[PDB]
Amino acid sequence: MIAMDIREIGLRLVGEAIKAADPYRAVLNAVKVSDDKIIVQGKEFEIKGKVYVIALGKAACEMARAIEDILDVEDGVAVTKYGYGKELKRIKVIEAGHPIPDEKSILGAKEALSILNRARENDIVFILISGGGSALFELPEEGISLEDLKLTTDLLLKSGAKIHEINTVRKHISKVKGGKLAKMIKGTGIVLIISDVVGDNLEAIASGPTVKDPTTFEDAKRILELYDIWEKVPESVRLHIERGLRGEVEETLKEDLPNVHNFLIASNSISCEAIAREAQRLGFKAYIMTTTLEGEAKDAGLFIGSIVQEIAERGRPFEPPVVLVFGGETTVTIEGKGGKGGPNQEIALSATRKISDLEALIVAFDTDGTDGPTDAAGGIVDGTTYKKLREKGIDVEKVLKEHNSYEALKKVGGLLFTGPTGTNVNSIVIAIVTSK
């Protein structure tokens, strides 16, 4: 087909990853509607009643809007952050607190329970989940106030508690977390989830209101005691947990519910696949190297750069033209003040020397639109970048040591600005080699 510079190709692939992660588009890509059938990622469901919507997270309204555009919704609620508003046709919108829950969070949860009380065994209920659902959508167990929750969560952090141990305790004092929301669905539950978690563990997203929770009340008590806060937490918390130990209150979801189906519709992997698919259409062989890349940014750039070197030099592990995709979320370790920059900018800049003079390009970007404390989403460099940096008398190693990669990339057209993206499935590095 038509010819394209390696840069147009790279930017084209970046656009594909972002589109595949768009909450609105992601829902439409996953949910297809016939005349009486709803097909979610291949799974077919017959419409034998009404359709309800319960959305929670930063993209609640956008996801809800997609459902309303392809299905008539009897009623529902969308709980999102303050400012994320955006009106809907038949779905009530509520803005709540985040990262700290407030009374609106409770109001949202109560609104959701009301809807589930009305939905019948023959109705379909869409549960739309995105980031921030834990604070935005919450309803404490009996006798427990939002303030009791705050104090408990605070004592957990104050005493240094592992994140999953905190989720265990929180899941056991919430009426909707730990699969409890799914337990309230009388009909068919179709859950659409967007993941901003490396590895995509559903138990963590919004505290898994529709997924199983293997932890128990006993685990929660052990944890509070282990950190000597069992006596420090409010009486209402100890009481609810003791009641759980006595079997007076239901446990968090332990088994699978044949009527509630969880679908992950936007994630780093889904965006990487969108990249590989487009790459193949453009005539490249494409490979997803990983979707769980973690570690120091600078070093990730050296490692990806070393593979690019091997490919351009010996045609292994793959023969060009080829596209390699690395997803995950790297980090920059700063011991001091540091300069201007971020992870993806350091990945890109660090790789410049190893790909110097090669017919290759590396673009590393964060799908949420920002990288480090800057307005750039990441960096984009090619085989000419290193020499352009040297021509301006820039010492790359020194720049990286000072963690001031933004300033270096800024001078050689190496910054990637996406502006607001409306989503977050973490970062992706695309490496392109067009020739040896």
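Quick note: we count residues from 1 along the sequence shown, nothing fancier.
Look at the C-alpha B-factors of 298-306 and of 207-215. On average they run higher in 207-215. Taking the mean C-alpha B-factor of each stretch as recorded, 356-364 and 132-140 are not equal, and the higher mean is that of 132-140.
For the set 147, 346, 329, 196, the PDB entry assigns the largest Cα B-factor to 147. The PDB entry assigns its highest CA temperature factor, among 311, 161, 289, 190, to 161. For residue 370, the recorded CA temperature factor ranks within the lowest third of the chain's modelled residues. Compared with the other modelled residues of the chain, the Cα B-factor recorded for residue 267 ranks in the lowest third. Residue 34: CA B factor lies in the highest third for its chain, per the PDB record. Sort the chain's modelled residues by C-alpha temperature factor and residue 429 lands in the lowest third, per the entry. Among all modelled residues in its chain, residue 123 ranks in the highest third by Cα B-factor.
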